[PDB]
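# Remarks on the overall topology
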Amino acid sequence: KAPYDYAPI
Amino acid sequence: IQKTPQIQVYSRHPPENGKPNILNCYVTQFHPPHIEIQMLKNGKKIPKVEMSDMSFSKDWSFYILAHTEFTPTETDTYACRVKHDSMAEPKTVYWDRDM
Amino acid sequence: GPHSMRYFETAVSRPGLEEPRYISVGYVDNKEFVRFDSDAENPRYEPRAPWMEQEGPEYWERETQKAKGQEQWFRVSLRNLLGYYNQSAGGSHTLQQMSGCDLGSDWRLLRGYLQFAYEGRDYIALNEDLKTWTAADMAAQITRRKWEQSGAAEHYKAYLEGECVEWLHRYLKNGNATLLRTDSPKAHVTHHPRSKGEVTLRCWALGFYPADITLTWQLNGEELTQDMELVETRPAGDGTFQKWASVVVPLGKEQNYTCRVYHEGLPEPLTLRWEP
């Protein structure tokens, strides 16, 4: 499963 | 900043003159990932050259594998020519059947 | 057998290119096994090993959706990074991410990785504890705070301890024949006369997987960091690897020289010397 990111950088 | 490409040129199977084979140009340790790779027979661009896809190593540096079918002869020279921003001029490294 | 999974994501902006190109590559035990690329005519995650065509289209739709979200996340992040670094427009830029998990041979979690890099340089990374962040650069501190503030670490921590592990187990079963073993290397020594009275003994090692390997020349028992020659390990292009090590040798006085070869698929290391 690809991860999914929280807030942008 | 630009990291500058390391290059190896070599054959898949050990070479015998007249025996068909694959010739690899392994290009590594470069950044940014935009790079141009030609393979040359007797100074002339080999036309249909396989290019493995964009990939990067655990140190963030990019690496590509270029390969093509070739039949080594006694007398033909084979080379790989790499263009990348890290270097002003293209870099050519000649195939050495021994190393 | 210890195991791992990784996802290596990249987004590249180029000076006049309209939108960044996003590319994600999944690895199970270092072998590429899925891939997404926004430049493709129809952008989707495609399988990349045989054993993954075992997966029902709902899987590919979910993943492909994640990708499209990731693509947008990289877009926004790239845009902010320009600002953080006071870079103007009309340059080339790169943002990269590695994410994944390592398992012991007991199949338990060992380490989670979550790391980012900007322009090829370390930008921010989740520490081994999966709670705190490391970020060297002054510009990166902005990010460290935003993410400390917002519990980003708990989110990534959950993925790294749950989904990363659960799904890696699943993938491991589904190609339990494809990966279970490792290709041992075949070795031999070649002879190349050069200067007057001196020869090159070049110990080859071929057709091995995975790539980690060590080659050592001994003068009867004494190793040499004294001007032994090698090359970076390189792929044959058939899914196996090659390396060689060579050294300068007196012509005739050449059976005193033993190449040793160490690799994981080996029962024990190989000892070889020149056989004319």
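Numbers given for residues start from 1 on each chain and follow the written sequence, which can depart from the numbering in the entry; residues without coordinates are excluded. Chain labels run from A onward and ligand labels from 1 onward, assigned in the order the entries are written. Excluding hydrogens and water, the side-chain figures rest on all heavy atoms present in the structure. Residues with missing side-chain atoms are left out of burial classes, side-chain pairs and their counts.

Per the deposited record, X-ray crystallography is how this structure was determined, to a resolution of 2.70 Å.

This part is about the interface of chain B and chain C. Here a residue-residue contact requires only that any non-hydrogen atoms of the pair lie within 4.5 Å. Taken together, the contact between chain B and chain C spans 23 residues of the former and 36 residues of the latter. Here a strand is any run of E in DSSP of at least two residues, a helix any run of H or I of at least four, and the numbering for each starts at the N terminus. Sorting the residues of the side of chain B that touches chain C by element identifies β1 (6-11), β2 (21-30), β6 (55-56) and β7 (62-70) of chain B as the ones contributing at least two each. As a working rule, the residues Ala, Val, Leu, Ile, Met, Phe, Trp, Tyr, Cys and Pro are called nonpolar, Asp, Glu, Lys and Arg charged, and the rest polar, with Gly in that last group. Of the residues contributing to the side of chain B that touches chain C, the split by class is eleven nonpolar, seven polar and five charged.

Attention shifts here to the packing of helix α3 (residues 152-161) of chain C against helix α4 (residues 163-174) of chain C. Residue and element names in this part refer to chain C. Here the axes come from fitting lines to C-alpha atoms, over the contacting stretch only for helices, and the angles between their N-to-C directions go from 0 to 180 degrees. Where α3 meets α4, the closest approach of the two axes is 3 Å, and the angle between their N-to-C directions is 20°. As judged from the angle between their axes, α3 and α4 are roughly parallel. Across from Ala158, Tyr159, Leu160 and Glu161 in α3, the residues of α4 making contact are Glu163, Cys164, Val165 and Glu166. Considered class by class, the residues forming the contact of α3 with α4 number five nonpolar, no polar and three charged. Roughly parallel means an angle under 35 degrees; roughly antiparallel means over 145; roughly perpendicular covers 65 to 115; every other angle is labelled oblique.

Our next topic: the packing of aromatic side chains. Residue and element names in this part refer to chain C. Between rings of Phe, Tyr and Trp, where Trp is taken as its six-membered ring, a pair exists when centres lie within 6.5 Å; planes separated by under 30 degrees are stacked, by over 60 edge-to-face, and by other angles tilted. For the coordinates displayed, the defined rule picks out 27 aromatic pairs over all chains. Centroid distance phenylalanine 116 to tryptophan 147: 5.5 Å. Interplanar angle 70°. Geometry classified as edge-to-face. Placement of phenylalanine 116 in strand β6 (residues 109-118) and of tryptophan 147 in helix α2 (residues 141-149) is noted, with a sequence separation of 31 residues between them. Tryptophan 147 shares its class with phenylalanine 116; the two are buried. One aromatic cluster in this structure is built from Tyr22, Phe36, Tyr45, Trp73, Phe74, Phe116, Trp133, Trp147 and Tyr156. Two thresholds decide whether a charge sits over a ring: the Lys NZ or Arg CZ must be within 6 Å of the ring centre and within 35 degrees of the ring normal. In this structure, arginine 6 packs its charged tip against the face of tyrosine 113, placed 4.3 Å from the ring centre. Here the guanidinium or amino end of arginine 202 rests over the ring plane of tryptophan 244, the centre of that ring lying 4.3 Å away. Burial here depends on accessible area, computed with a 1.4 Å probe over protein chains only, as a share of the maximum for the residue type. Under 20% is buried, over 50% is exposed, and the range in between is partly exposed.

Turning our attention to the UniProt feature "domain: Ig-like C1-type" in chain B. UniProt positions are given in the numbering used here, feature names are shortened, and annotations may be inferred rather than shown by experiment. According to UniProt, the feature "domain: Ig-like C1-type" maps to residues 5-94 of chain B in the numbering used here. Taken as a whole, residues 5-94 of chain B contains 0% helix and 52% strand, while its terminal C-alpha atoms sit 15 Å from one another.

Time to look at the sheet that holds strand β1 (residues 3-13) of chain C. Residues and elements named next belong to chain C. Pairing between two strands is assigned when DSSP locates at least 2 bridges connecting them. Spatially, eight strands are ordered β4-β3-β2-β1-β5-β6-β7-β8 in an open sheet, and the strand pairing comes out antiparallel. Of all the strands in the sheet, just β4 (46-47) and β8 (133-134) have a single pairing partner and so form its edges. Relative to β4, strand β3 (residues 31-37) runs antiparallel, the two sharing two bridges. Looking at β4, one finds that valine 34 is bridged to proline 47.

Across the contact, nine residues belong to chain A and 33 residues belong to chain C. In terms of surface lost to chain C, no three residues of chain A exceed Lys1, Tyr6 and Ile9 of chain A, which account for 53% of the buried area on that side. Throughout this description, the term salt bridge denotes a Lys or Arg side-chain nitrogen within 4 Å of a carboxyl oxygen of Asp or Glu. Inspection of the region where chain A meets chain C yields one salt bridge. Taking the shortest distance from any N to any O, the salt bridge between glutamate 63 of chain C and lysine 1 of chain A comes out at 3.4 Å. Whenever two N or O atoms come within 3.5 Å, that pair is a polar contact, provided that in protein one can donate a hydrogen and the other can accept it, and provided that, for residues adjacent in sequence, both atoms are side-chain atoms. Our enumeration of links across chain A and chain C arrives at 19 residue pairs in polar contact. The buried area of a pairing is the accessible area, by a 1.4 Å probe, that goes missing from both parts when the two are put together, added over both.

Let us look at the environment of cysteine 259 of chain C. Residue and element names in this part refer to chain C. Residue position: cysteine 259 is located in strand β16 (residues 257-262). In sequence terms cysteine 259 and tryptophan 217 are 42 residues apart; their C-alpha atoms lie 4.4 Å from each other. When neighbours within four sequence positions are excluded, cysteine 259 is seen to be in contact with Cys203, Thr216, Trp217, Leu270, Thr271 and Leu272.

This part is about the nonpolar core. Residues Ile9 of chain A together with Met5, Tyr7, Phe33, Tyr59, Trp133 and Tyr171 of chain C are the most contacted members of the largest nonpolar core, which totals 49 residues. Among the elements that make up this core, the one with the highest residue count is helix α1 (residues 57-84) of chain C (eight residues). Ignoring anything within four residues of it in the chain, the contact list for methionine 5 of chain C reads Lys1 of chain A together with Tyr27, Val28, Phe33, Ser99, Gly100, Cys101, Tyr159, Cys164, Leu168 and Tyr171 of chain C. Take the buried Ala, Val, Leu, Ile, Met, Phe, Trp, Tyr and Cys residues and link them wherever side-chain atoms come within 4.5 Å; each set so joined is a nonpolar core. In terms of nonpolar packing, the next biggest core, distinct from the first, is built from 27 residues, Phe56 and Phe70 of chain B together with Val25 and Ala117 of chain C among them.

Turning to α4 of chain C, a few remarks are in order. Multiplying 1.5 Å by the helix residue count minus one yields the expected span of that helix. The terminal C-alpha atoms of α4 of chain C lie 16 Å apart, and with twelve residues this matches the ideal 16 Å at 1.5 Å per residue to within 8%. Residues of α4 of chain C that are buried include every one of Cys164, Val165, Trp167, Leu168, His169, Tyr171 and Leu172 of chain C, and no others.

With that out of the way, let us pick up the side chain of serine 61 of chain B. Considering the arrangement of structural elements, one finds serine 61 of chain B in the loop between β6 and β7. When residues no more than four places from it in sequence are discounted, the contact partners of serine 61 of chain B are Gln29, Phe30, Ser55 and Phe56 of chain B.

Residues and elements named next belong to chain C. Relative to each other, α1 and α2 sit at 130°, their axes nearing to 11 Å. Considering their axes alone, α1 and α2 lie oblique with respect to each other. Mapping the contact onto sequence places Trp73, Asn80 and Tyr84 in α1 and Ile142, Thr143, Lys146 and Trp147 in α2. Grouping the amino acids of the contact of α1 with α2 by side-chain chemistry returns four nonpolar, two polar and one charged.

What follows concerns the state of the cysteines. Residues and elements named next belong to chain B. Disulfides are defined as pairs of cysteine sulfur atoms found within 2.5 Å of each other. Overall, the coordinates contain three disulfides over all chains when judged by the stated rule. In this model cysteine 25 forms its disulfide with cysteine 80; the gap between the sulfur atoms is 2.0 Å. Its torsion about the S-S bond being -95°, the disulfide of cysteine 25 and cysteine 80 is classed as left-handed. With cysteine 25 in strand β2 and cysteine 80 in strand β8 (residues 78-83), this residue pair connects regions lying 55 residues apart in the sequence. Since its relative accessible area comes to 0%, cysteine 25 is described here as buried.

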